[PDB]
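# Observations on the model geometry
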6 protein chains.
Amino acid sequence: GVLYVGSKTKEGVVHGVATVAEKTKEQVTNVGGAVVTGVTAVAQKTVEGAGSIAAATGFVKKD
Amino acid sequence: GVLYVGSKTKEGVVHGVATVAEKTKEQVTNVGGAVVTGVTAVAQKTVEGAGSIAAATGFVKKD
Amino acid sequence: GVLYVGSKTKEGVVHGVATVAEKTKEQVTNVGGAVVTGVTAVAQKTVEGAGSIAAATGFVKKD
Amino acid sequence: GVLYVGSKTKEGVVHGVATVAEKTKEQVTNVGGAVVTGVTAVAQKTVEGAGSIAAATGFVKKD
Amino acid sequence: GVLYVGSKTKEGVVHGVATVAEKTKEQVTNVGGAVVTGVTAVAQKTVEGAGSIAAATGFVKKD
Amino acid sequence: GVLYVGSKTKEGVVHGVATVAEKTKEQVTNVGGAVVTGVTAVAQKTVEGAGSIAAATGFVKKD
């Protein structure tokens, strides 16, 4: 179907994904999949059919 | 169907996903899947059919 | 069906997902799935059919 | 002496001298002398000594 | 003496002297002398000593 | 004396002297003398001593 996205913006500031760590021992940072950001952000039909986004984090630490 | 998204904004500030950790030992940060952010954010039909977003975090620590 | 989203905003400030941790030992942060944020945020038909978003956190710690 | 004029303004709109006439026969418009206008308007020591501003209008119409 | 004029403005709109006449027979427009206008308008010591600004309008119409 | 004129402006619009006449028979327009206009307008010591600005308009019409 028709999807109209109109916008008349002025002085637009956008921050996306932020991450801060400090005084840590082990650091893991997994980002992605469908990260869309911006003044005019559109994300249509991310997954269709048998598709998948397995954005996991297999932290095992088999001590 | 028709989806109209009109906007007349001025001086728009948007912050998305934020994460802060301090004095930690183990750090895990998993972000994503359908992270959409911004002054005009649209997310239509994220999942259709047999699709999936398994944005999990397999923290085991098999001590 | 028709979905009209009109907006006439001025000086709009939006904060999305925030997380703060301090003096912790183990840190886990799982975010996502359908995180939409912004001055004009629209999220239509997140899941249709047999789809799913298994945004879980398998914290085991099998001590 | 010290004259401090501080200002922290945002979106300032200033209109000065306005004059509107309609369906008239004789029109006279005399403006001036010390017309100061604006967001930060300062007018110090307009007249000192034997000076003068004879901003008059000698409309006679000696019929 | 010291005269400090500080200003931190944003989106400043200033209009000075305006004059509108319509359907008139005789039109006279005399402007000036010390017409100062603007976002940061300063007018110091306009007249000193025996000086003068004779911004008059000698409309006689000796009928 | 010291005269400090500081300014930190953004998107500054300034209009000076304006004059509009319509459907008139006789038109006279005298402007000047010390017409200063602008975003940072300064007019110091316009007249000193025996000086003068005779910005008049000798409209006689000796009918």
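Residues numbered from 1 in each chain as written, not as in the entry; some residues may be left out. Chains lettered and ligands numbered in written order. Heavy atoms only, no water.

Per the deposited record, cryo-EM is how this structure was determined, to a resolution of 3.0 Å.

## So, the pairing of strand β3 (residues 26-32) of chain E
Of all the seven residues making up β3 of chain E, seven are buried; the element is thus mostly covered by neighbouring parts of the structure. Residue alternation in β3 of chain E divides its side chains into two sets, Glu 26, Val 28, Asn 30 and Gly 32 of chain E and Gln 27, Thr 29 and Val 31 of chain E, and both sets are buried. As judged from the seven bridges shared by strand β3 (residues 26-32) of chain D and β3 of chain E, these two strands associate in the parallel manner. Along β3 of chain E, the bridge assignment pairs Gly 32 of chain D with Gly 32 of chain E. (Buried < 20%, exposed > 50% of the residue type's maximum accessible area, 1.4 Å probe, protein only. Helix = DSSP H or I, 4+ residues; strand = E, 2+ residues; numbered from the N terminus. Pairing = 2+ DSSP bridges.)

## Things to note about the pattern of salt bridges
Counted by the stated rule, this structure contains four salt bridges over all chains. Across the salt bridge formed by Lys 61 of chain E and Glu 26 of chain D, the nearest N and O atoms sit 2.4 Å from each other. You can see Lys 61 of chain E sitting in the segment after β6 (47-48) and its partner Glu 26 of chain D sitting in strand β3, one on each of two chains. (Salt bridge = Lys/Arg side-chain N within 4 Å of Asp/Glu carboxyl O.)

## Thoughts on the layout of surface pockets
Its boundaries defined by the atoms lining it, the largest pocket holds a volume of some 210 Å³. As for the largest pocket, its lining consists of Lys 10 and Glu 11 of chain A, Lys 10 and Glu 11 of chain B, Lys 10 and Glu 11 of chain C, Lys 10 and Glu 11 of chain D, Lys 10 and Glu 11 of chain E together with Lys 10 and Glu 11 of chain F. Here the residues of the lining of the largest pocket are counted per class, giving no nonpolar, no polar and 12 charged. (1 Å grid on protein atoms, 1.4 Å probe; cavity = no way out; pocket = protein on both sides within 12 Å on 5 of 7 lines; lining within 4 Å. Points joined across faces, edges and corners; volume = space filled by probe spheres on them. Nonpolar A, V, L, I, M, F, W, Y, C, P; charged D, E, K, R; others polar.)

## Here we look at the interface of chain B and chain A
Across the boundary between the two partners, chain B contributes 63 residues, which contact 63 residues of chain A. The contact between chain B and chain A buries some 4,900 Å² in all, and 49% of this surface belongs to carbon and sulfur atoms. Ranking the residues of chain B by area buried against chain A places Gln 27, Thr 29 and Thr 40 of chain B at the top, with a combined share of 10%. Taken together, the connections running from chain B to chain A amount to one salt bridge. In this assembly, chain B and chain A are joined by 59 residue pairs in polar contact. If you list the elements that add at least two residues to the side of chain B that touches chain A, you get β1 (3-5), β2 (12-15), β3 (26-32), β4 (36-37), β5 (40-44) and β6 (47-48) of chain B. When residues in the side of chain B that touches chain A are grouped by element, the largest group, seven residues, is from β3 of chain B. (Contact = heavy atoms within 4.5 Å. Buried area = accessible area lost by both parts, 1.4 Å probe. Polar contact = N/O pair within 3.5 Å; in protein donor to acceptor, adjacent residues only side chain to side chain.)

## Considerations on unusual backbone geometry
Residue and element names in this part refer to chain C. The backbone of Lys 45 shows a phi angle near 60 degrees, a positive value even though the residue is not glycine. Tracing the sequence through the fold places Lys 45 in the loop between β5 (40-44) and β6 (47-48). Owing to a relative accessible area of 34%, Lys 45 belongs among the partly exposed residues under this scheme. One non-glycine residue, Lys 61, lies in the positive phi region at around 55 degrees.

## Examining the arrangement of the chains
You won't find any contact between chain B and chain D; their C-alpha atoms come no closer than 12 Å. Separating chain C from chain E is a minimum C-alpha gap of 14 Å, and the two share no contact.

## Describing the packing of aromatic side chains
In this structure the tally under the stated criterion is eight aromatic pairs over all chains. Each ring, one from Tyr 4 of chain D and one from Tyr 4 of chain E, has its centre 4.8 Å from the other, and the planes form 0 degrees; the classification is stacked. With one member in each of two chains, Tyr 4 of chain D in strand β1 (residues 3-5) and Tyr 4 of chain E in strand β1 (residues 3-5) form a pair that bridges those chains. Taking the centre distance of 4.9 Å and the plane angle of 0 degrees together, the rings of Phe 59 of chain E and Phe 59 of chain F count as stacked. Of the two residues, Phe 59 of chain E sits in the segment after β6 while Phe 59 of chain F sits in the segment after β6 (47-48), which places them in two different chains. Exposure remark for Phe 59 of chain F: the relative accessible area of 12% places this residue in the buried category. An aromatic cluster is built from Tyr 4 of chain A, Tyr 4 of chain B together with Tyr 4 of chain C, whose rings are joined through pairwise contacts. (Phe/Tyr/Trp six-rings, centres within 6.5 Å; stacked < 30°, edge-to-face > 60°.)

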